[PDB]
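Peer 1: query.txt is reproduced in full below (compact mmCIF, N, CA and C atoms).
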# COMPACT_ATOMS: atom_id res chain seq x y z
N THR Z 6 16.44 6.90 6.43
CA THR Z 6 15.26 7.56 7.15
C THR Z 6 13.97 7.33 6.33
N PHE Z 7 14.01 7.55 5.01
CA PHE Z 7 12.88 7.31 4.06
C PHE Z 7 12.43 5.85 4.16
N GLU Z 8 13.40 4.93 4.23
CA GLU Z 8 13.18 3.46 4.35
C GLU Z 8 12.48 3.16 5.69
N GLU Z 9 12.91 3.83 6.77
CA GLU Z 9 12.33 3.69 8.14
C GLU Z 9 10.91 4.29 8.16
N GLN Z 10 10.73 5.45 7.50
CA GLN Z 10 9.43 6.16 7.38
C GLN Z 10 8.40 5.26 6.66
N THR Z 11 8.83 4.55 5.61
CA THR Z 11 7.99 3.57 4.85
C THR Z 11 7.53 2.44 5.79
N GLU Z 12 8.43 1.94 6.64
CA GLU Z 12 8.17 0.81 7.59
C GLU Z 12 7.08 1.24 8.59
N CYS Z 13 7.26 2.40 9.23
CA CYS Z 13 6.32 3.00 10.22
C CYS Z 13 4.92 3.17 9.59
N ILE Z 14 4.85 3.73 8.38
CA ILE Z 14 3.58 4.04 7.64
C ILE Z 14 2.81 2.73 7.40
N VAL Z 15 3.48 1.72 6.85
CA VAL Z 15 2.87 0.39 6.54
C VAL Z 15 2.40 -0.26 7.86
N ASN Z 16 3.21 -0.15 8.94
CA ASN Z 16 2.87 -0.65 10.31
C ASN Z 16 1.61 0.05 10.80
N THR Z 17 1.61 1.39 10.77
CA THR Z 17 0.48 2.27 11.20
C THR Z 17 -0.80 1.86 10.46
N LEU Z 18 -0.74 1.80 9.12
CA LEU Z 18 -1.89 1.41 8.25
C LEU Z 18 -2.45 0.06 8.71
N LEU Z 19 -1.57 -0.92 8.89
CA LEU Z 19 -1.93 -2.31 9.27
C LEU Z 19 -2.51 -2.34 10.68
N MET Z 20 -1.81 -1.70 11.64
CA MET Z 20 -2.25 -1.62 13.03
C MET Z 20 -3.67 -1.01 13.10
N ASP Z 21 -3.94 0.01 12.26
CA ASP Z 21 -5.23 0.70 12.25
C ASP Z 21 -6.33 -0.24 11.74
N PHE Z 22 -6.06 -0.99 10.66
CA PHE Z 22 -7.02 -1.93 10.02
C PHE Z 22 -7.42 -3.03 11.02
N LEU Z 23 -6.46 -3.57 11.77
CA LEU Z 23 -6.65 -4.77 12.64
C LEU Z 23 -7.16 -4.37 14.03
N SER Z 24 -6.67 -3.26 14.58
CA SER Z 24 -6.97 -2.80 15.97
C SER Z 24 -7.37 -1.32 15.97
N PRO Z 25 -8.67 -0.99 15.73
CA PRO Z 25 -9.15 0.39 15.88
C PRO Z 25 -8.97 0.94 17.33
N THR Z 26 -8.96 0.05 18.33
CA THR Z 26 -8.70 0.39 19.76
C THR Z 26 -7.30 1.01 19.88
N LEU Z 27 -6.30 0.40 19.22
CA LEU Z 27 -4.87 0.85 19.25
C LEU Z 27 -4.74 2.22 18.56
N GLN Z 28 -5.44 2.41 17.44
CA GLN Z 28 -5.49 3.70 16.67
C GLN Z 28 -5.89 4.84 17.62
N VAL Z 29 -7.00 4.68 18.32
CA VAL Z 29 -7.58 5.68 19.27
C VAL Z 29 -6.65 5.82 20.49
N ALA Z 30 -6.28 4.69 21.11
CA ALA Z 30 -5.55 4.59 22.41
C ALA Z 30 -4.14 5.22 22.31
N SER Z 31 -3.45 5.01 21.19
CA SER Z 31 -2.05 5.49 20.94
C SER Z 31 -2.01 7.03 20.94
N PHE Z 48 7.45 14.33 12.00
CA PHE Z 48 6.97 13.17 11.20
C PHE Z 48 5.75 12.52 11.91
N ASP Z 49 4.53 12.91 11.51
CA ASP Z 49 3.25 12.44 12.10
C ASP Z 49 2.64 11.36 11.19
N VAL Z 50 2.88 10.08 11.51
CA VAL Z 50 2.40 8.88 10.73
C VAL Z 50 0.86 8.91 10.61
N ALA Z 51 0.16 9.32 11.68
CA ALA Z 51 -1.33 9.33 11.78
C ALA Z 51 -1.94 10.12 10.61
N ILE Z 52 -1.37 11.30 10.31
CA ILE Z 52 -1.86 12.22 9.22
C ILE Z 52 -1.53 11.60 7.86
N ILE Z 53 -0.34 11.02 7.73
CA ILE Z 53 0.16 10.39 6.47
C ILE Z 53 -0.71 9.16 6.17
N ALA Z 54 -0.86 8.27 7.15
CA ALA Z 54 -1.73 7.06 7.11
C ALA Z 54 -3.13 7.45 6.59
N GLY Z 55 -3.73 8.49 7.18
CA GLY Z 55 -5.06 9.03 6.80
C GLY Z 55 -5.12 9.40 5.32
N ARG Z 56 -4.12 10.14 4.83
CA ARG Z 56 -4.02 10.63 3.42
C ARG Z 56 -3.85 9.45 2.44
N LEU Z 57 -3.07 8.42 2.84
CA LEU Z 57 -2.85 7.17 2.03
C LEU Z 57 -4.18 6.40 1.94
N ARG Z 58 -4.91 6.30 3.05
CA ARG Z 58 -6.25 5.63 3.12
C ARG Z 58 -7.25 6.38 2.22
N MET Z 59 -7.20 7.72 2.26
CA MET Z 59 -8.05 8.56 1.41
C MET Z 59 -7.73 8.29 -0.07
N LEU Z 60 -6.44 8.19 -0.39
CA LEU Z 60 -5.99 7.90 -1.74
C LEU Z 60 -6.38 6.45 -2.12
N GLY Z 61 -6.23 5.51 -1.19
CA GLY Z 61 -6.57 4.08 -1.39
C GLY Z 61 -8.05 3.88 -1.74
N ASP Z 62 -8.93 4.68 -1.14
CA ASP Z 62 -10.41 4.58 -1.28
C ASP Z 62 -10.86 5.06 -2.69
N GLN Z 63 -9.94 5.65 -3.48
CA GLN Z 63 -10.22 6.14 -4.87
C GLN Z 63 -10.23 4.95 -5.86
N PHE Z 64 -9.66 3.80 -5.48
CA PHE Z 64 -9.65 2.54 -6.28
C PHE Z 64 -10.95 1.77 -6.02
N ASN Z 65 -11.67 1.41 -7.10
CA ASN Z 65 -12.98 0.68 -7.05
C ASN Z 65 -12.92 -0.60 -7.91
N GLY Z 66 -11.73 -1.01 -8.35
CA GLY Z 66 -11.52 -2.24 -9.15
C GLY Z 66 -11.69 -3.49 -8.31
N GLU Z 67 -11.89 -4.64 -8.97
CA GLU Z 67 -12.03 -5.98 -8.32
C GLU Z 67 -10.68 -6.37 -7.69
N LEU Z 68 -10.69 -6.70 -6.38
CA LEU Z 68 -9.47 -7.07 -5.59
C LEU Z 68 -9.55 -8.53 -5.10
N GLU Z 69 -10.73 -9.19 -5.20
CA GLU Z 69 -10.96 -10.57 -4.65
C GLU Z 69 -9.95 -11.54 -5.28
N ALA Z 70 -9.87 -11.56 -6.61
CA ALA Z 70 -8.95 -12.43 -7.40
C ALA Z 70 -7.49 -12.07 -7.08
N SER Z 71 -7.20 -10.78 -6.94
CA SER Z 71 -5.84 -10.22 -6.65
C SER Z 71 -5.39 -10.60 -5.23
N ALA Z 72 -6.18 -10.21 -4.21
CA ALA Z 72 -5.90 -10.43 -2.76
C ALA Z 72 -5.61 -11.92 -2.49
N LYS Z 73 -6.49 -12.80 -2.96
CA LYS Z 73 -6.41 -14.28 -2.74
C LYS Z 73 -5.04 -14.81 -3.22
N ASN Z 74 -4.64 -14.45 -4.46
CA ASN Z 74 -3.36 -14.88 -5.10
C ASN Z 74 -2.17 -14.40 -4.27
N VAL Z 75 -2.18 -13.13 -3.85
CA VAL Z 75 -1.09 -12.50 -3.05
C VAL Z 75 -0.96 -13.25 -1.71
N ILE Z 76 -2.09 -13.47 -1.02
CA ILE Z 76 -2.17 -14.18 0.30
C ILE Z 76 -1.59 -15.60 0.14
N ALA Z 77 -2.05 -16.34 -0.87
CA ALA Z 77 -1.65 -17.74 -1.17
C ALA Z 77 -0.12 -17.84 -1.22
N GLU Z 78 0.51 -17.00 -2.03
CA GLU Z 78 1.98 -17.01 -2.27
C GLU Z 78 2.72 -16.50 -1.02
N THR Z 79 2.09 -15.61 -0.23
CA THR Z 79 2.64 -15.06 1.05
C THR Z 79 2.82 -16.19 2.06
N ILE Z 80 1.80 -17.05 2.19
CA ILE Z 80 1.85 -18.27 3.05
C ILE Z 80 3.03 -19.13 2.59
N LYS Z 81 3.14 -19.36 1.28
CA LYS Z 81 4.16 -20.24 0.63
C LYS Z 81 5.57 -19.61 0.76
N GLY Z 82 5.65 -18.30 1.04
CA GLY Z 82 6.92 -17.56 1.26
C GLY Z 82 7.49 -17.01 -0.04
N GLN Z 83 6.61 -16.66 -1.00
CA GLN Z 83 6.96 -16.09 -2.33
C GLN Z 83 6.12 -14.82 -2.57
N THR Z 84 6.06 -13.94 -1.56
CA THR Z 84 5.26 -12.67 -1.58
C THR Z 84 5.85 -11.71 -2.61
N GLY Z 85 7.18 -11.52 -2.58
CA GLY Z 85 7.93 -10.56 -3.43
C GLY Z 85 7.41 -10.52 -4.86
N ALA Z 86 7.51 -11.65 -5.57
CA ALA Z 86 7.19 -11.79 -7.03
C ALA Z 86 5.76 -11.30 -7.32
N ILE Z 87 4.76 -11.99 -6.77
CA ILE Z 87 3.31 -11.80 -7.11
C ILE Z 87 2.83 -10.41 -6.66
N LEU Z 88 3.32 -9.92 -5.51
CA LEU Z 88 2.83 -8.66 -4.85
C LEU Z 88 3.03 -7.46 -5.79
N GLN Z 89 4.25 -7.27 -6.30
CA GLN Z 89 4.60 -6.13 -7.21
C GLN Z 89 3.88 -6.32 -8.55
N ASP Z 90 3.88 -7.53 -9.09
CA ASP Z 90 3.22 -7.88 -10.39
C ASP Z 90 1.71 -7.60 -10.29
N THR Z 91 1.09 -7.91 -9.14
CA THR Z 91 -0.36 -7.69 -8.87
C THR Z 91 -0.66 -6.18 -8.83
N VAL Z 92 0.11 -5.42 -8.05
CA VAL Z 92 -0.05 -3.93 -7.88
C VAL Z 92 0.19 -3.25 -9.24
N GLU Z 93 1.29 -3.61 -9.93
CA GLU Z 93 1.68 -3.06 -11.27
C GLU Z 93 0.53 -3.30 -12.28
N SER Z 94 -0.03 -4.51 -12.30
CA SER Z 94 -1.14 -4.93 -13.22
C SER Z 94 -2.38 -4.07 -12.98
N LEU Z 95 -2.83 -3.97 -11.72
CA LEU Z 95 -4.05 -3.21 -11.31
C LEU Z 95 -3.83 -1.69 -11.52
N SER Z 96 -2.59 -1.22 -11.36
CA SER Z 96 -2.19 0.21 -11.51
C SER Z 96 -2.20 0.61 -12.99
N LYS Z 97 -1.63 -0.25 -13.86
CA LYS Z 97 -1.61 -0.06 -15.34
C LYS Z 97 -3.06 -0.05 -15.87
N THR Z 98 -3.87 -1.03 -15.45
CA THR Z 98 -5.32 -1.17 -15.80
C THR Z 98 -6.07 0.13 -15.46
N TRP Z 99 -5.80 0.70 -14.29
CA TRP Z 99 -6.47 1.92 -13.76
C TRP Z 99 -5.99 3.17 -14.54
N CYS Z 100 -4.69 3.25 -14.82
CA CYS Z 100 -4.05 4.38 -15.57
C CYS Z 100 -4.53 4.39 -17.04
N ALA Z 101 -4.83 3.22 -17.59
CA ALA Z 101 -5.35 3.03 -18.98
C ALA Z 101 -6.78 3.61 -19.10
N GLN Z 102 -7.57 3.51 -18.02
CA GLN Z 102 -9.00 3.98 -17.95
C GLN Z 102 -9.08 5.36 -17.26
N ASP Z 103 -7.94 5.87 -16.74
CA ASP Z 103 -7.83 7.21 -16.08
C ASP Z 103 -6.53 7.88 -16.54
N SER Z 104 -6.62 8.73 -17.58
CA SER Z 104 -5.48 9.47 -18.21
C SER Z 104 -4.89 10.49 -17.23
N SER Z 105 -5.73 11.04 -16.33
CA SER Z 105 -5.36 12.08 -15.33
C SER Z 105 -4.42 11.49 -14.25
N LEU Z 106 -4.55 10.19 -13.96
CA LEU Z 106 -3.87 9.52 -12.80
C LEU Z 106 -2.44 9.13 -13.17
N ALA Z 107 -1.47 9.60 -12.39
CA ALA Z 107 -0.04 9.22 -12.49
C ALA Z 107 0.13 7.76 -12.01
N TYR Z 108 1.02 7.01 -12.66
CA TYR Z 108 1.29 5.57 -12.39
C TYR Z 108 1.83 5.40 -10.96
N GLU Z 109 2.71 6.30 -10.53
CA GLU Z 109 3.40 6.23 -9.22
C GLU Z 109 2.38 6.43 -8.09
N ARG Z 110 1.40 7.29 -8.29
CA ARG Z 110 0.32 7.59 -7.31
C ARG Z 110 -0.69 6.42 -7.29
N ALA Z 111 -0.96 5.83 -8.46
CA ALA Z 111 -1.86 4.65 -8.64
C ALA Z 111 -1.29 3.46 -7.89
N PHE Z 112 0.01 3.26 -7.99
CA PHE Z 112 0.77 2.15 -7.35
C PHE Z 112 0.54 2.18 -5.83
N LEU Z 113 0.74 3.34 -5.20
CA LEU Z 113 0.57 3.55 -3.72
C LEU Z 113 -0.88 3.29 -3.34
N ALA Z 114 -1.82 3.90 -4.06
CA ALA Z 114 -3.28 3.77 -3.85
C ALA Z 114 -3.66 2.29 -3.78
N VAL Z 115 -3.33 1.53 -4.83
CA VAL Z 115 -3.66 0.07 -4.96
C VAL Z 115 -3.02 -0.71 -3.79
N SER Z 116 -1.78 -0.38 -3.42
CA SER Z 116 -1.01 -1.04 -2.32
C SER Z 116 -1.77 -0.91 -1.00
N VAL Z 117 -2.32 0.27 -0.72
CA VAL Z 117 -3.04 0.62 0.55
C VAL Z 117 -4.41 -0.08 0.56
N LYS Z 118 -5.12 -0.04 -0.56
CA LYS Z 118 -6.48 -0.63 -0.71
C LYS Z 118 -6.38 -2.17 -0.68
N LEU Z 119 -5.33 -2.73 -1.28
CA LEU Z 119 -5.05 -4.19 -1.29
C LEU Z 119 -4.71 -4.64 0.14
N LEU Z 120 -3.90 -3.86 0.86
CA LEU Z 120 -3.55 -4.10 2.29
C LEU Z 120 -4.82 -4.05 3.14
N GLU Z 121 -5.72 -3.11 2.86
CA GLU Z 121 -7.02 -2.93 3.57
C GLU Z 121 -7.87 -4.19 3.38
N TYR Z 122 -8.12 -4.57 2.13
CA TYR Z 122 -8.98 -5.73 1.74
C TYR Z 122 -8.42 -7.02 2.35
N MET Z 123 -7.08 -7.19 2.27
CA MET Z 123 -6.41 -8.40 2.75
C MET Z 123 -6.54 -8.53 4.28
N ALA Z 124 -6.60 -7.38 4.98
CA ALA Z 124 -6.77 -7.37 6.43
C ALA Z 124 -8.18 -7.86 6.80
N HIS Z 125 -9.20 -7.38 6.08
CA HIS Z 125 -10.64 -7.73 6.27
C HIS Z 125 -10.89 -9.21 5.88
N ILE Z 126 -10.28 -9.66 4.78
CA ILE Z 126 -10.51 -11.00 4.15
C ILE Z 126 -9.67 -12.07 4.88
N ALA Z 127 -8.48 -11.70 5.37
CA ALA Z 127 -7.49 -12.64 5.96
C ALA Z 127 -6.68 -11.94 7.06
N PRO Z 128 -7.31 -11.57 8.21
CA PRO Z 128 -6.59 -10.89 9.29
C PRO Z 128 -5.51 -11.75 9.98
N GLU Z 129 -5.62 -13.08 9.86
CA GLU Z 129 -4.72 -14.06 10.53
C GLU Z 129 -3.32 -14.04 9.87
N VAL Z 130 -3.24 -13.80 8.55
CA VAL Z 130 -1.98 -13.97 7.73
C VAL Z 130 -1.54 -12.62 7.08
N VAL Z 131 -2.40 -11.58 7.09
CA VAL Z 131 -2.16 -10.27 6.39
C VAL Z 131 -0.81 -9.66 6.86
N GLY Z 132 -0.45 -9.86 8.14
CA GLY Z 132 0.77 -9.30 8.76
C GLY Z 132 2.05 -9.75 8.07
N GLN Z 133 2.03 -10.92 7.44
CA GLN Z 133 3.19 -11.50 6.71
C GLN Z 133 3.40 -10.77 5.36
N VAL Z 134 2.47 -9.86 4.98
CA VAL Z 134 2.56 -9.02 3.73
C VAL Z 134 3.22 -7.66 4.06
N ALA Z 135 3.23 -7.26 5.33
CA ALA Z 135 3.77 -5.95 5.81
C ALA Z 135 5.21 -5.74 5.30
N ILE Z 136 6.12 -6.65 5.66
CA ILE Z 136 7.58 -6.59 5.31
C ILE Z 136 7.76 -6.58 3.78
N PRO Z 137 7.20 -7.57 3.02
CA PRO Z 137 7.23 -7.54 1.55
C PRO Z 137 6.80 -6.22 0.89
N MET Z 138 5.70 -5.62 1.40
CA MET Z 138 5.17 -4.38 0.83
C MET Z 138 6.11 -3.21 1.15
N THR Z 139 6.68 -3.22 2.37
CA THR Z 139 7.67 -2.22 2.76
C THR Z 139 8.90 -2.32 1.83
N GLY Z 140 9.41 -3.54 1.62
CA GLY Z 140 10.56 -3.83 0.73
C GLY Z 140 10.27 -3.44 -0.72
N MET Z 141 9.02 -3.66 -1.15
CA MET Z 141 8.61 -3.35 -2.51
C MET Z 141 8.69 -1.84 -2.74
N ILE Z 142 8.05 -1.06 -1.85
CA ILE Z 142 7.97 0.39 -1.99
C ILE Z 142 9.39 0.98 -1.89
N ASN Z 143 10.16 0.58 -0.87
CA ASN Z 143 11.57 1.04 -0.63
C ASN Z 143 12.45 0.65 -1.82
N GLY Z 144 12.25 -0.56 -2.35
CA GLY Z 144 13.07 -1.15 -3.43
C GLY Z 144 12.74 -0.57 -4.80
N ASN Z 145 11.54 -0.01 -4.98
CA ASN Z 145 11.05 0.56 -6.27
C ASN Z 145 11.54 2.01 -6.39
N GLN Z 146 12.28 2.31 -7.46
CA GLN Z 146 12.93 3.64 -7.69
C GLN Z 146 11.90 4.65 -8.21
N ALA Z 147 11.05 4.23 -9.14
CA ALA Z 147 9.98 5.07 -9.74
C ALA Z 147 9.10 5.64 -8.62
N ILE Z 148 8.67 4.78 -7.68
CA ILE Z 148 7.74 5.13 -6.57
C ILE Z 148 8.48 6.00 -5.54
N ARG Z 149 9.71 5.63 -5.18
CA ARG Z 149 10.55 6.36 -4.19
C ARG Z 149 10.82 7.79 -4.69
N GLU Z 150 11.21 7.94 -5.97
CA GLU Z 150 11.54 9.25 -6.61
C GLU Z 150 10.30 10.14 -6.66
N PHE Z 151 9.14 9.56 -6.96
CA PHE Z 151 7.84 10.27 -7.02
C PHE Z 151 7.48 10.84 -5.63
N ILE Z 152 7.59 10.02 -4.58
CA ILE Z 152 7.23 10.39 -3.17
C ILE Z 152 8.15 11.53 -2.69
N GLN Z 153 9.46 11.39 -2.89
CA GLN Z 153 10.49 12.40 -2.47
C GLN Z 153 10.35 13.67 -3.33
N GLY Z 154 9.96 13.51 -4.60
CA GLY Z 154 9.69 14.62 -5.54
C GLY Z 154 8.47 15.44 -5.14
N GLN Z 155 7.56 14.85 -4.35
CA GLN Z 155 6.34 15.51 -3.78
C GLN Z 155 6.65 16.07 -2.36
N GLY Z 156 7.93 16.10 -1.96
CA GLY Z 156 8.40 16.61 -0.65
C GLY Z 156 8.54 15.50 0.39
N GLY Z 157 8.48 14.23 -0.04
CA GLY Z 157 8.58 13.05 0.83
C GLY Z 157 7.23 12.67 1.43
N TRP Z 158 7.20 11.58 2.21
CA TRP Z 158 5.98 11.04 2.89
C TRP Z 158 5.22 12.16 3.61
N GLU Z 159 5.96 13.08 4.24
CA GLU Z 159 5.43 14.20 5.09
C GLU Z 159 4.42 15.05 4.29
N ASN Z 160 4.72 15.32 3.00
CA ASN Z 160 3.96 16.29 2.14
C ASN Z 160 3.08 15.54 1.11
N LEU Z 161 3.27 14.23 0.94
CA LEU Z 161 2.47 13.39 -0.02
C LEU Z 161 0.97 13.53 0.32
N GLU Z 162 0.19 14.12 -0.60
CA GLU Z 162 -1.27 14.40 -0.44
C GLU Z 162 -1.47 15.37 0.74
Spit out the file's structure as C-alpha cells when you get a sec.

Peer 2:
Amino acid sequence: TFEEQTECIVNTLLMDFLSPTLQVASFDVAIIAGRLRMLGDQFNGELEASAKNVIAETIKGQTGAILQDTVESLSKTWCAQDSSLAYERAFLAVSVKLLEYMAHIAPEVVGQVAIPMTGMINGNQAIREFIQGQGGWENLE
C-alpha cells in the first residue's frame, strides 16, 4: 500500500507540473502533493547541472544510478549548511524540486524519471522508515 501510495504521489506531482488543467479538472493525494511541493520550494541550490545529468542518463536508460547519487549529493550539501534539517526530509524535498525543474526544463522526457524516482523512494529504507515514522504519507508535513 505504501509502495502504491508513493506511485500515486509521484504521478500526482508530475501530472500537476505538466497539466494544470488536469489538476483543476480532476488517502487524499492532492493535500500530500501540496505539502511535498511546499517542502520542495525550501531548496534554493543550483539544479541546472544536476537536472541535465539525470535527464541525459534517463534517455540512455541508466536513471537508477545517477538519480539517487544526485539527490544524496544535494541533500548532504544542504544538511551540511543547515544543521536543523533532517537528511530524510532533505532527500524528499530535493526529489520534488528536481522533478519540478526537470518538468519545466525537459517536459518531453521528464515522464521517464517518474518510475525510477518511485523505485528510489520505495527502495530506500532510511526514507521509507522516516515517512512511516511521521505517520506515513497521510501525516507527512

Peer 1: Neighbours of residue 49 in chain Z within 8 Å (only N, CA and C atoms; same-chain residues fewer than 2 positions away dropped), as a ChimeraX atom specification?

Peer 2: /Z:51-54,158-159

Peer 1: Can you work out the spacing between CA of residue 106 in chain Z and CA of residue 18 in chain Z in Å, to one decimal?

Peer 2: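 CA of residue 106 in chain Z sits 22.6 Å away from CA of residue 18 in chain Z.
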
Peer 1: Any chance you could tabulate, as JSON lines, the residues of range 27-74 of chain Z at most 9 Å from range 89-98 of chain Z with each one's nearest atom pair and distance in Å to one decimal, using only C-alpha atoms, in chain and rising number order?

Peer 2:
{"residue": "Z:66", "atom": "CA", "partner": "Z:95", "partner_atom": "CA", "distance": 7.8}
{"residue": "Z:67", "atom": "CA", "partner": "Z:95", "partner_atom": "CA", "distance": 9.0}
{"residue": "Z:68", "atom": "CA", "partner": "Z:95", "partner_atom": "CA", "distance": 8.8}
{"residue": "Z:71", "atom": "CA", "partner": "Z:91", "partner_atom": "CA", "distance": 6.4}
{"residue": "Z:72", "atom": "CA", "partner": "Z:91", "partner_atom": "CA", "distance": 8.7}
{"residue": "Z:74", "atom": "CA", "partner": "Z:91", "partner_atom": "CA", "distance": 8.7}

Peer 1: Hey, what's within 8 Å of range 128-136 of chain Z if we count all atoms listed in the file and toss same-chain stuff fewer than 3 positions away? As a PyMOL selection string, please?

Peer 2: chain Z and resi 12+15-16+19+23+75-76+79-80+84+120+122-125+139-142

Peer 1: Work out how far apart atom C of residue 101 in chain Z and atom C of residue 113 in chain Z are and give it in Å to one decimal.

Peer 2: 16.8 Å

Peer 1: By how many Å are CA of residue 121 in chain Z and CA of residue 20 in chain Z apart?

Peer 2: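 The value is 10.7 Å.
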
Peer 1: Some atoms are absent from range 106-120 of chain Z, so rebuild N, CA, C and O atoms and return them as a compact mmCIF listing (two decimals), in the coordinates of the input.

Peer 2:
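Result file is rebuild_27.txt:
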# COMPACT_ATOMS: atom_id res chain seq x y z
N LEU Z 106 -4.55 10.19 -13.96
CA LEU Z 106 -3.87 9.52 -12.80
C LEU Z 106 -2.44 9.13 -13.17
O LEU Z 106 -2.25 8.39 -14.15
N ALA Z 107 -1.47 9.60 -12.39
CA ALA Z 107 -0.04 9.22 -12.49
C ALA Z 107 0.13 7.76 -12.01
O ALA Z 107 -0.57 7.37 -11.05
N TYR Z 108 1.02 7.01 -12.66
CA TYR Z 108 1.29 5.57 -12.39
C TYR Z 108 1.83 5.40 -10.96
O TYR Z 108 1.43 4.42 -10.28
N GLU Z 109 2.71 6.30 -10.53
CA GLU Z 109 3.40 6.23 -9.22
C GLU Z 109 2.38 6.43 -8.09
O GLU Z 109 2.53 5.77 -7.05
N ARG Z 110 1.40 7.29 -8.29
CA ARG Z 110 0.32 7.59 -7.31
C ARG Z 110 -0.69 6.42 -7.29
O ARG Z 110 -1.20 6.10 -6.19
N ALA Z 111 -0.96 5.83 -8.46
CA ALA Z 111 -1.86 4.65 -8.64
C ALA Z 111 -1.29 3.46 -7.89
O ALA Z 111 -2.06 2.75 -7.25
N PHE Z 112 0.01 3.26 -7.99
CA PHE Z 112 0.77 2.15 -7.35
C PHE Z 112 0.54 2.18 -5.83
O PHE Z 112 0.21 1.14 -5.27
N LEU Z 113 0.74 3.34 -5.20
CA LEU Z 113 0.57 3.55 -3.72
C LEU Z 113 -0.88 3.29 -3.34
O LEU Z 113 -1.10 2.53 -2.40
N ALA Z 114 -1.82 3.90 -4.06
CA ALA Z 114 -3.28 3.77 -3.85
C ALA Z 114 -3.66 2.29 -3.78
O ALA Z 114 -4.22 1.88 -2.77
N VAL Z 115 -3.33 1.53 -4.83
CA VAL Z 115 -3.66 0.07 -4.96
C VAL Z 115 -3.02 -0.71 -3.79
O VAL Z 115 -3.69 -1.60 -3.25
N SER Z 116 -1.78 -0.38 -3.42
CA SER Z 116 -1.01 -1.04 -2.32
C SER Z 116 -1.77 -0.91 -1.00
O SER Z 116 -1.86 -1.91 -0.27
N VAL Z 117 -2.32 0.27 -0.72
CA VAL Z 117 -3.04 0.62 0.55
C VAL Z 117 -4.41 -0.08 0.56
O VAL Z 117 -4.78 -0.62 1.61
N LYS Z 118 -5.12 -0.04 -0.56
CA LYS Z 118 -6.48 -0.63 -0.71
C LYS Z 118 -6.38 -2.17 -0.68
O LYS Z 118 -7.27 -2.80 -0.12
N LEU Z 119 -5.33 -2.73 -1.28
CA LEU Z 119 -5.05 -4.19 -1.29
C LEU Z 119 -4.71 -4.64 0.14
O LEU Z 119 -5.21 -5.68 0.55
N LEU Z 120 -3.90 -3.86 0.86
CA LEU Z 120 -3.55 -4.10 2.29
C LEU Z 120 -4.82 -4.05 3.14
O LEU Z 120 -4.93 -4.88 4.04
